[PDB]
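S.K.: Got a structure for you, written out below as structure tokens; questions coming shortly.
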Amino acid sequence: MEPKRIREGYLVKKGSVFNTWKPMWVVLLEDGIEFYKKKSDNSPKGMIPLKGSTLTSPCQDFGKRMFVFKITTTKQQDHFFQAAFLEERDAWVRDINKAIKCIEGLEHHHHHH
């Protein structure tokens, strides 16, 4: 009903506290991926620009355990987060990287004339 995001779920993201790794709620939207702690902590912990982010798969030595990839928002903001399994690892990183690669071609204001 109210909830209207492209791909929302709950994965652990490392970026907000003192360098750690804890599960969290995150919703990638077609205009930006904003994630909080629960389906709606009511206050987002950090957002991701849907244009200028990178993807690292595999990732670096930051976990490299189950399925943890590393993204780099145009603001040099690394994002090492792991899903619950491979299917959710490529489905989450592909949905966030897809929306970011889709906004680069989804602009408005046409100047045909």
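Chains: A, B, ... in order of the structure tokens. Residues: from 1 per chain. Ligands: from 1, in order shown.
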Could you name the residues that touch residue A:80 at 6 Å or less, counting only C-alpha atoms, but leaving out those on the same chain fewer than 6 positions away, as a VMD selection string?
M.R.: chain A and resid 13 to 14 69 to 70
S.K.: Grab the residues selected above and save them as a PDB file, in the first residue's frame with N, CA, C and O atoms.
M.R.:
ATOM      1  N   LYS A  13      24.651  -4.106   6.385  1.00  0.00           N
ATOM      2  CA  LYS A  13      25.490  -3.115   5.655  1.00  0.00           C
ATOM      3  C   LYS A  13      26.550  -2.543   6.597  1.00  0.00           C
ATOM      4  O   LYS A  13      26.270  -2.189   7.724  1.00  0.00           O
ATOM      5  N   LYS A  14      27.766  -2.448   6.137  1.00  0.00           N
ATOM      6  CA  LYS A  14      28.849  -1.897   6.997  1.00  0.00           C
ATOM      7  C   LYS A  14      29.109  -0.441   6.594  1.00  0.00           C
ATOM      8  O   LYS A  14      29.791  -0.168   5.625  1.00  0.00           O
ATOM      9  N   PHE A  69      29.159  -7.975  -1.199  1.00  0.00           N
ATOM     10  CA  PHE A  69      29.759  -7.215  -2.332  1.00  0.00           C
ATOM     11  C   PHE A  69      30.122  -5.805  -1.860  1.00  0.00           C
ATOM     12  O   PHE A  69      29.687  -5.356  -0.812  1.00  0.00           O
ATOM     13  N   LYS A  70      30.921  -5.105  -2.621  1.00  0.00           N
ATOM     14  CA  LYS A  70      31.322  -3.727  -2.218  1.00  0.00           C
ATOM     15  C   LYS A  70      30.949  -2.732  -3.323  1.00  0.00           C
ATOM     16  O   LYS A  70      31.413  -2.822  -4.441  1.00  0.00           O
TER      17      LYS A  70
END
S.K.: I'd like the neighbourhood of residue A:8 as a PyMOL selection string, where a residue qualifies if any of its atoms comes within 8 Å (using only C-alpha atoms), though same-chain residues fewer than 2 positions away should be ignored.
M.R.: chain A and resi 5-6+10+25-28
S.K.: Generate a file of the selected residues that holds C-alpha atoms, formatted as a tab-separated table (two decimals), in the first residue's frame.
M.R.:
chain	number	residue	atom	x	y	z
A	5	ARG	CA	10.19	0.79	-3.65
A	6	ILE	CA	11.86	-1.28	-6.40
A	10	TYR	CA	16.96	-6.75	4.99
A	25	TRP	CA	16.46	-2.80	6.28
A	26	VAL	CA	17.17	-1.30	2.87
A	27	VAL	CA	14.90	-0.28	-0.03
A	28	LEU	CA	16.41	0.48	-3.45
S.K.: I'd like the interatomic distance between atom CA of residue A:11 and atom CA of residue A:24, to a tenth of an Å.
M.R.: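 These atoms are spaced 5.3 Å apart.
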S.K.: What lies within 9 Å of stretch 60-67 of chain A using only C-alpha atoms, ignoring chain neighbours under 3 positions off, as a tab-separated table (two decimals) with N, CA and C atoms, in the first residue's frame?
M.R.:
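Okay, selection_34.tsv is ready:
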chain	number	residue	atom	x	y	z
A	56	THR	N	31.35	-4.13	-6.72
A	56	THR	CA	32.57	-4.98	-6.60
A	56	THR	C	32.15	-6.42	-6.32
A	57	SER	N	32.31	-7.28	-7.29
A	57	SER	CA	31.92	-8.71	-7.10
A	57	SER	C	32.93	-9.62	-7.81
A	70	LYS	N	30.92	-5.10	-2.62
A	70	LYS	CA	31.32	-3.73	-2.22
A	70	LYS	C	30.95	-2.73	-3.32
A	80	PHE	N	29.89	-2.13	1.84
A	80	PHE	CA	30.08	-3.61	1.90
A	80	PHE	C	28.89	-4.23	2.62
A	81	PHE	N	27.97	-4.81	1.90
A	81	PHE	CA	26.80	-5.43	2.57
A	81	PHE	C	26.61	-6.86	2.06
A	82	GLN	N	26.15	-7.74	2.90
A	82	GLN	CA	25.94	-9.15	2.48
A	82	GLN	C	24.45	-9.49	2.56
A	83	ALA	N	23.96	-10.28	1.64
A	83	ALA	CA	22.52	-10.65	1.66
A	83	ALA	C	22.33	-11.91	2.50
A	84	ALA	N	21.38	-12.74	2.15
A	84	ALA	CA	21.16	-13.99	2.93
A	84	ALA	C	21.65	-15.20	2.14
A	85	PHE	N	21.86	-15.03	0.87
A	85	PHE	CA	22.35	-16.16	0.03
A	85	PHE	C	22.73	-15.64	-1.36
A	86	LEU	N	23.32	-16.48	-2.16
A	86	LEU	CA	23.74	-16.05	-3.53
A	86	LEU	C	22.55	-15.44	-4.27
A	88	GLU	N	20.05	-13.91	-3.29
A	88	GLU	CA	19.73	-12.54	-2.79
A	88	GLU	C	20.94	-11.62	-2.96
A	89	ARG	N	22.10	-12.18	-3.18
A	89	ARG	CA	23.31	-11.33	-3.35
A	89	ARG	C	23.32	-10.71	-4.75
A	90	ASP	N	23.05	-11.50	-5.76
A	90	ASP	CA	23.04	-10.95	-7.14
A	90	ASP	C	21.71	-10.24	-7.40
